[PDB]
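*Asks:* here's a sequence, model it:
(2 chains)
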Amino acid sequence: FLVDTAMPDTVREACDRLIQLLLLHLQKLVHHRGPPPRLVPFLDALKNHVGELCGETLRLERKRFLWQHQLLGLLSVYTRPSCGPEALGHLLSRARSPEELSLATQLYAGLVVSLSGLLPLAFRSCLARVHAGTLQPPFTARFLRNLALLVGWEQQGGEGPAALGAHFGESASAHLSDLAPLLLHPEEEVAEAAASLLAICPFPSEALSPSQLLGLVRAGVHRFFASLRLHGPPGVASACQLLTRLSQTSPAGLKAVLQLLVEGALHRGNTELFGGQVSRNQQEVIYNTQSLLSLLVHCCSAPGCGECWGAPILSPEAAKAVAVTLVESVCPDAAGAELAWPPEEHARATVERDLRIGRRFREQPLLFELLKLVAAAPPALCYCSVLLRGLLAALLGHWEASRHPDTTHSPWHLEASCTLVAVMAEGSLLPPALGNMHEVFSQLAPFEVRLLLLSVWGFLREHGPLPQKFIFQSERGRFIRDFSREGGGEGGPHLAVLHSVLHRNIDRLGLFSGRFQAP
Amino acid sequence: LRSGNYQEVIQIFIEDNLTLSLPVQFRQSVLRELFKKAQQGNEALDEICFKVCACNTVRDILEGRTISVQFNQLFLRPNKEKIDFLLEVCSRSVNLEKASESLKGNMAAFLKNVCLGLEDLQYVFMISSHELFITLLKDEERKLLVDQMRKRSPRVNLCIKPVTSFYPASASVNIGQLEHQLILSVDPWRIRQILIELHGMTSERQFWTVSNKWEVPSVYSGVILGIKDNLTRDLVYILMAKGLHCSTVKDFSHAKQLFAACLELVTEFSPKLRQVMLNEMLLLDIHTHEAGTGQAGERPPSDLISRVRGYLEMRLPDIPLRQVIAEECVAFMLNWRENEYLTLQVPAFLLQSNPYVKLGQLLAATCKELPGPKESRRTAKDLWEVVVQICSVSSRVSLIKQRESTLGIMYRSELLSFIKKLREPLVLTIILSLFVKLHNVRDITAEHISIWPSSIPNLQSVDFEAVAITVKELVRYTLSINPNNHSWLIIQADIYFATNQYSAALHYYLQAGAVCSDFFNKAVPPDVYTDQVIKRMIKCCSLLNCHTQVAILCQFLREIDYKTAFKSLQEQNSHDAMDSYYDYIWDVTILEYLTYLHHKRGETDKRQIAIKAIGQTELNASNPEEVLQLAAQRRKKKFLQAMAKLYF
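*Replies:* Numbers count the residues shown, from 1 in each chain, chains lettered A, B, ... in the order given. See the structure here:
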């Protein structure tokens, strides 16, 4: 009444003067004689209405926010239970504007000069409301986004956060394990607001616990997957940032992030986004693939101009982890896990496993993409030698069973042979002379390409995809496979079959002779 | 390519993106060979690699195909040159007004997605300002992209000045308003001006009591209220109160400013105040260093160390001293491995005067002698008696309930608080080992345990309740200071197994394995998943009725505990998904026992499942000793990860 009747103008100025005098007298009574503390029954009834008082302050009316915000500060300093964090939490969960949020920072400044630990208590009050039925999910997402606003506002620290000393990011840094269940929160507003907070909220300065890291990564990959199913390529940013930052916490964090992402992606769920079998648009699949390949390369690249045209080097350890999780997901038995290649007579012994690998490749086109990502790091493709040999054997068997006079009647097998050869050559498991062989696959009958893939198998038998053949070139920081130093690494006897195939089909392969020259 | 004129080759790709006469596999092969050439030497080829990759990517988009990995690799560090070259390749190869809707839509969507992958927002304008981008998509989604990307990193402004309805009609309004400003104030000079004008307006009223939230320790109250001048006393009191309050709220700069102002103020008229304030400045510098300057493992600026050494060797009786400052100085010495000073250079009288210094000397001596087989004992012993006397009771009585009647030089609460101020891992683990050795006298595995004596004097006087409180508090604090500390996780898991918190015990064993291994990616080192640790998680599973987990955990040991595995598998009150976890059993005997167990009970379906589990070529016992070992370790890893998911 008095506030509404401070805005007969003699009564209105009497009430404005009255509210000024009342605020200043309450300031006197709240905190004086610093002997029991002074008791304000007026404020003793206001602790029952501190939330309503905050609501009337967030109204931010001409002078009502000044008077009522001063009164909330005096209530906070007065109430021995210190409703200041309670007021701050209600503000954070019910402020709708950066000025409504500015009310919280002004309150904290008016309170941090007299009170301590206000924001952590406000945060825990809000979150306790959140995970209960309290602070209904609109209010929950409001508090989540407002705490994200606070954390960022401190993180873009100027005079505001510094004089405030809020430590919004640091204060929220201890509440990581409550926002992760909010990543699993059914309300997508709550889920993505927690995603945004955790993406920007700094991780504990000491470390992230195996439980902390595992739950945070589980919730971050869950947010990534739900938002990629639901929102598409543009909607995974907060989950991606949270996951990448979790990856930069430790190598354990990196490998956990990548492996949860892989298991969820190669899960029977979250697979229609990526061309996986059991009609979908091809553009959306292509650009979802671009999305998680961007996340993968961001997590895999070594952080930290190296010329304006160069690119960061993918870590061989991260690509090795990608290779091993690929092998576990596609070929789990790993009865022939040894990297070097066995005799081709062993192919008929493992027909079932290699056909299963081929069927898995056919159902999921994303497997080739991860093969190329692994082959980006030179030594990592050595660990994919089992998958490479299985795909090569499946292609060889299909070309054995291919009765067509040409190879265009089997598009999937032709492209699988071409892409397998491209992956193997890209990982420097094959010489460039024997790596240009996939280009002439389409102009060949099935038995020529079968003999060519048998030559690939023979070369990978003689040399073998072994990491120790890769000498780490410290000048550029990338492992280099020197086939010249290996001895016959340019395909001495293996290029003979390719050249014979070129000679036999010289009427069609004449213009491609430049791709198979010795130098 | 033979002649090295790569620029015209890139031009051929750009032109062929119109015609698509060049094979796509040919473009991929030449891109691969260019990257291989750039990887050996010829650092100028990196630009050519990006150029041919961007042309390839643009053609692939036009032919409706995916974006290459190297394309995203080259945009890991986006540049004006890179992105502009990509954009001009985009525009030169689109063939607008003749590309039909397929090429336009594909290429515009690629432009969107390359906008999405940029870390820098100005890169996303300078693509969004590219003519092909503006022509390709639509006339309505561009602003949508720009605004939806602006709120990705929106600018937040928050008023930090608390509101003030300072509408000066009466003297009371002004006095309250200036009190409000002073209490809202944080800068010492504004405080001094406010107090000066407050004294000028009033006659004899003091102004250090206009806020009860301002606090000053009682040991300094007598010396701070003895100032003859009223204004000087008020200003010193307010500066101390707000400096301490800012130190509490981690407002280091403002507290340092207030403290420097009061320090330069008190030099003129009081030496006792000057010395007390030098001690306060040392404490503030120590705390600020450990908070901001530390937090990453960097040495002190060597001037804080000298000040700490001078304060330890101060020996001034007239000055009022705070024990917290000495405790913080000892903690600062112990956290930065300053063992040599605390062991040899410490004055003798300080050990007999301050128990904190004596305890720090003992800890430094017992930490610096760790490599010594018998030299370490000479100090580990004395530490053992001093700590057990701290945690003992002379004369129903409880150490925690009383907090007196202790035989040590320090109270248990004081000892716990002093330990709580230590971050150095070696000191922390030595204290953990000492208190764990105190825990089992009258199990849990924790590092350096044989250095402490076993037989103890006055076993009855030792209030083991206080000891157990201290050990649980210490293990949880250490797991907080290093969440990824495997041995501490093993300790906590052993505790929870002892406290029959078998779920929490399993959970912390799993955290320890996730630390030793990388979330069980590697074979967890046997020194941590020992036969004890694995058998205790076995027993936790048994007593949580996680019996198939017992069976899988029984084979985790060096020898497969077939007895406990078969006992658990016999159990039918299981909360661990019996049939879903038989895949984790690499042992043929355990699975054979499962087959007979399911056949005798009539469980035809489970019998068939176990038979198929045995009927594997990889699990054949005739495998040449490498397939079986790999299968066993992979089942270890996957079973441990399933336990991770079921427990953390």
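*Asks:* close to chain A, is stretch B:627-635?
*Replies:* Yes. Using Cβ under 8 Å from any Cβ of the partner chain, stretch B:627-635 comes into contact with chain A via B:627, B:630, B:631, B:634. All C-beta spots, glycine's among them, are computed from the backbone N, C-alpha and C.
*Asks:* next, the buried residues of that stretch.
*Replies:* For stretch B:627-635, the neighbour count (16 or more other Cβ atoms under 10 Å in any protein chain shown) marks B:627, B:628, B:630, B:631, B:632, B:634, B:635 as buried.
*Asks:* picking up where we left off before, just the residues of stretch B:627-635 next to chain A: which are in strands?
*Replies:* Among the residues of stretch B:627-635 next to chain A, no residue falls in strands (DSSP state E).
*Asks:* so which of those is the closest to residue A:230?
*Replies:* residue B:634 (34.3 Å; Cβ to Cβ).
*Asks:* isn't that closest one up against residue A:335?
*Replies:* No. In this structure, residue B:634 is not within contact of residue A:335 by Cβ atoms under 8 Å, at 11.8 Å.
*Asks:* what's the most distant pair in the residues of stretch B:627-635 next to chain A?
*Replies:* B:627 and B:634 (10.6 Å).
*Asks:* what about the residue in the stretch 301-450 of chain B that chain A sits nearest to, distance to residue B:181?
*Replies:* Residue of the stretch 301-450 of chain B nearest chain A, by Cβ to the nearest Cβ: residue B:423 (9.2 Å). From residue B:423 across to residue B:181, the span is 39 Å (Cβ to Cβ, to the nearest Å).
*Asks:* cool, residue A:124 as well?
*Replies:* Counting by Cβ to Cβ - residue A:124 and residue B:181 are separated by 31 Å.
*Asks:* can you check residue A:353 too?
*Replies:* Distance from residue A:353 to residue B:181, by Cβ to Cβ: 79 Å.
*Asks:* neighbour count for these two, which is higher?
*Replies:* residue A:353 (20 against 15; other Cβ atoms under 10 Å in any protein chain shown).
*Asks:* which of the three states applies to the more buried one?
*Replies:* helix (DSSP: H, G, I helix; E, B strand; the rest coil).
*Asks:* contacts only, for it.
*Replies:* A:331, A:333, A:335, A:390 (Cβ atoms under 8 Å, 6 or more residues apart in numbering or on different chains).
*Asks:* neighbours of the residue lying closest to residue A:224 once chain neighbours are set aside, how many?
*Replies:* Nearest residue to residue A:224, sequence neighbours excluded (Cβ to Cβ, 6 or more residues apart in numbering or on different chains): residue A:239, at 3.7 Å. Using other Cβ under 10 Å, residue A:239 has 29 neighbouring residues.
*Asks:* now the one 10 residues further on
*Replies:* Around residue A:249 there are 20 other residues, counting by other Cβ under 10 Å.
*Asks:* give me the phi and psi angles of the closest residue to it other than its chain neighbours.
*Replies:* Distance criterion Cβ to Cβ, 6+ apart; nearest residue to residue A:249, sequence neighbours excluded, is residue A:208 at 4.8 Å. Dihedral angles of residue A:208 (phi, psi; degrees, to the nearest 10) stand at phi -110, psi 120.
*Asks:* over to the residue most central in space within chain A. Which of the three states is it?
*Replies:* In chain A, the centroid-proximal residue (Cα atoms, centre = their mean) is residue A:240; its distance is 2.7 Å. Judged by three-state DSSP, the three-state class of residue A:240 is helix.
*Asks:* that one and residue A:295 touch, don't they?
*Replies:* Yes. Assessed by Cβ under 8 Å, residue A:240 is found in contact with residue A:295 at 4.9 Å.
*Asks:* contacts for stretch B:638-648, please.
*Replies:* A:210-211, A:214-215, B:503, B:506-507, B:510-511, B:513-514, B:517, B:519-520, B:524, B:549, B:552, B:581, B:583-584.
*Asks:* how far does it sit from its chain's centre?
*Replies:* Here stretch B:638-648 is found 22 Å from its chain centre; the criterion is Cα atoms, centre = their mean, to the nearest Å.
*Asks:* got it, and stretch B:439-449?
*Replies:* So, by Cα atoms, centre = their mean, the centroid of stretch B:439-449 is 27 Å from its chain's centroid.
*Asks:* okay, buried residues for that stretch please.
*Replies:* Buried-residue list, stretch B:439-449, by 16+ other Cβ under 10 Å: B:439, B:444, B:445, B:446, B:448, B:449.
*Asks:* on that earlier part again, show me what contacts the residue nearest to residue A:249?
*Replies:* Residue A:208 neighbours (Cβ under 8 Å, 6+ apart): A:176, A:216, A:246, A:249, A:250, A:253, B:483, B:484.
*Asks:* distance of it from residue A:114?
*Replies:* For residue A:208, the distance to residue A:114 - Cβ to Cβ - is 35 Å.
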